[PDB]
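Chains as they are written, first to last, in PDB author numbering: chain C, 204 to 254; chain F, 255 to 304. First comes the structure, then the notes that go with it.
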């Protein structure tokens, strides 16, 4: 018995995503403000062509 | 004579948005001690610089 599919995902927009986290929430700034906040600011500081 | 300045705007780059919100927006700064500047200057973030 067979169930066919013809779908696929897309690596659509790599300028609107982030990864590679050493996730941890147990430090004043060593693990919160350097991993989650770093990703935060990297996401919200992306420039389309500069400016 | 004093200028009588009333600083009420804090504009910082995106990388400083979280720290500015901590300075103004929470009772504790980074160690549960206190935040003397809570509800003092309303911070607006900006990404047109740096």
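Using N, Cα and C, we set each Cβ at its ideal position, and we do this for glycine too.
Find the nearest neighbour of residue i within the set the options, judged by alpha-carbon distance.
i             : options             : result
residue 219/C : 248/C, 254/C, 253/C : 248/C
residue 266/F : 258/F, 260/F, 275/F : 275/F
residue 244/C : 208/C, 222/C, 206/C : 222/C
residue 290/F : 273/F, 296/F, 282/F : 282/F
DSSP three-state label for residue i, please.
i             : result
residue 213/C : coil
residue 270/F : helix
residue 277/F : helix
residue 219/C : coil
residue 242/C : helix
residue 297/F : strand
Can you tell me whether residue i is buried or exposed, with buried defined as 16 or more other CB within 10 angstroms of its CB?
i             : result
residue 258/F : exposed
residue 300/F : exposed
residue 248/F : Here chain F covers residues 255 to 304 and nothing more, so residue 248/F does not appear.
residue 271/F : buried
residue 277/F : buried
Count the C-beta pairs between the segment 223-230 of chain C and the segment 238-253 of chain C that are closer than 8 Å, then say yes if the count reaches three, no if not.
yes
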